[PDB]
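[1] begin with these chain(s), straight out of the complex:
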Amino acid sequence: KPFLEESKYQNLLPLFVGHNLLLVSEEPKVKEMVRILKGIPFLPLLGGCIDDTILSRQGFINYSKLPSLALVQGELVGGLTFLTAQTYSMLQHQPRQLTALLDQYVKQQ
Amino acid sequence: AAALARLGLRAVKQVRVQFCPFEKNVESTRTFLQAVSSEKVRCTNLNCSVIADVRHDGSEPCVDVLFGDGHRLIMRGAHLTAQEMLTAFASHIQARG
């Protein structure tokens, strides 16, 4: 307790007032930790910090459903280049309307 | 946790405990949780499930217990002490069942 109140982590002080167990994870995967806690209903996960992010149980549920940092950093570049991909897709959508229309007329007969 | 074991919990259906870890007043309800979760009380009957509901926002800790009298006992620990909850639990859920 005193170590934690003098720590940068002091917001966890209300958590340790009762009995407790500290779950330590190096190179974490949270969904895997939640998997086992799911098996036992009376064994609650309360607070925590995942990579400097202080969370309640719901924050752990949120971090769990999340893909890996590799996949997220992978979709980041597509979400950022979406503006250029969309300027080109919309500038090239003008010639594809003609194709879709004429093929829509060849579809009728 | 012992006085619950001596009392033969098998008359109970389902026990849930809804509490909010980051509140200052929740120590009592927690003590109750670890008193009902113990191996003695847990193994007195296997027909009873013990569920821990953990939320940050709910702001009001609560204990709900159903049993086969068709009875529903809900004690909201706010200002209630641990052994007051467990005494209330004992005389309420044993004398009726």
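    All right, it came through fine. Numbers count the residues shown, from 1 in each chain, chains lettered A, B, ... in the order given.
[2] where does chain B come near chain A, residue by residue?
    By CB under 8 Å from any CB of the partner chain, the part of chain B that sits against chain A consists of B:21-24, B:26-27, B:30-31, B:33-34, B:36-37, B:42, B:49-52, B:54-56. Bear in mind the C-beta positions are built from the backbone N, C-alpha and C, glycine included.
[3] so which of those are in strands?
    B:49-52, B:54 (DSSP state E).
[4] are stretch A:54-63 and chain B in contact anywhere?
    Yes - judged by CB under 8 Å from any CB, stretch A:54-63 comes into contact with chain B through A:56-58.
[5] show me what contacts residue B:57?
    residue B:20 (CB atoms under 8 Å, 6 or more residues apart in numbering or on different chains).
[6] apply 10 Å and report the result again.
    If you count contacts by CB atoms under 10 Å, 6 or more residues apart in numbering or on different chains, residue B:57 has them with A:56, A:58, B:20, B:22.
[7] phi, psi of it?
    Main-chain torsions, residue B:57, degrees, to the nearest 10: phi -80, psi -30.
[8] tell me where the chain has helices.
    Reading this off chain A. A:2-5, A:30-39, A:57-64, A:69-80, A:82-91, A:93-108 (DSSP state H).
[9] let's do chain B instead
    Using DSSP H, helices in chain B cover B:2-5, B:27-36, B:39-44, B:82-95.
[10] one more chain, chain C:
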Amino acid sequence: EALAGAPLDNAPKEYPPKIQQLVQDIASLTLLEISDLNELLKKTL
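    So that you can see how it sits with the rest, here is chain C on the chains above:
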């Protein structure tokens, strides 16, 4: 120092300051620095 206070489910509408100043510094760039940005992110990741 101290860390975050962990807002949660019933009410959290609040997004970080960092993401916002990042999308602001992103939005203030001309498209040559946007293509430069895109290349420098494509290479590292």
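[11] could you re-examine the contacts of residue B:57 with chain C now present?
    Counted by CB under 10 Å, 6+ apart, residue B:57 has contacts A:56, A:58, B:20, B:22, C:7-12.
[12] which one of the residues you listed is nearest to residue B:14?
    residue B:20 (20.7 Å; CB to CB).
[13] up against chain C, what does chain B have?
    B:20-22, B:55-59 (CB under 10 Å from any CB of the partner chain).
[14] chain C against chain B: which residues are in contact?
    C:5-12.
[15] can you narrow these down to the ones near chain A?
    Residues of these in contact with chain A (CB under 10 Å from any CB): C:5-10, C:12.
[16] got a winner among the contacts of residue B:57 for most neighbours?
    Among the contacts of residue B:57, residue A:56 has the most neighbours (other CB atoms under 10 Å in any protein chain shown), with 24 neighbours.
[17] packing partners of the lengthiest strand in chain B?
    Secondary structure assigned by DSSP E gives strand B:12-19 as the longest strand of chain B. Applying 3 or more CB pairs under 10 Å, 6 or more residues apart in numbering or on different chains; DSSP states H and E, one finds that strand B:12-19 makes contact with helix B:27-36, helix B:39-44, strand B:49-54, strand B:62-67, strand B:71-75, helix B:82-95.
[18] what pairs with it, parallel or antiparallel?
    Its sheet considered, strand B:12-19 pairs with strand B:49-54 (parallel), strand B:62-67 (antiparallel) by DSSP bridges.
[19] with the structure above as the base, add chain D:
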Amino acid sequence: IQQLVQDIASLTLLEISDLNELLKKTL
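    Below is chain D, added to the chains above:
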């Protein structure tokens, strides 16, 4: 065609976003 790419290259991200939305609304 060159002055259009050079004038598109001088716009901030917000403005090419609004530009893409106008290009979607019009065409």
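[20] same as before for the contacts of residue B:57, with chain D this time.
    A:56, A:58, B:20, B:22, C:7-12.
[21] can you pull up the most central residue in chain A?
    residue A:66 (3.3 Å; CA atoms, centre = their mean).
[22] not counting sequence-adjacent ones, nearest residue to that one?
    residue A:72 (7.3 Å; CB to CB, 6 or more residues apart in numbering or on different chains).
[23] which residue lies farthest from the center of chain C?
    Relative to the centre of chain C, the most outlying C-alpha is that of residue C:10, 24.5 Å out, by CA atoms, centre = their mean.
[24] where does the residue nearest to the centre of chain A fall, phi/psi-wise?
    Per degrees, to the nearest 10, the backbone of residue A:66 is at phi -80, psi 140.
[25] tally of neighbours for residue C:6?
    As a burial measure, residue C:6 scores 20 neighbours (other CB under 10 Å).
[26] what residues does it make contact with?
    Contacts of residue C:6 (CB under 10 Å, 6+ apart): A:11-12, A:47-49, A:53-56, A:58-59, B:21-22, B:56, C:12.
[27] buried ones in stretch C:29-45?
    For stretch C:29-45, the neighbour count (16 or more other CB atoms under 10 Å in any protein chain shown) marks C:29-31, C:34, C:37-38 as buried.
[28] one step back: what is the burial count for the residue nearest to residue A:66?
    Using other CB under 10 Å, residue A:72 has 11 other residues around it.
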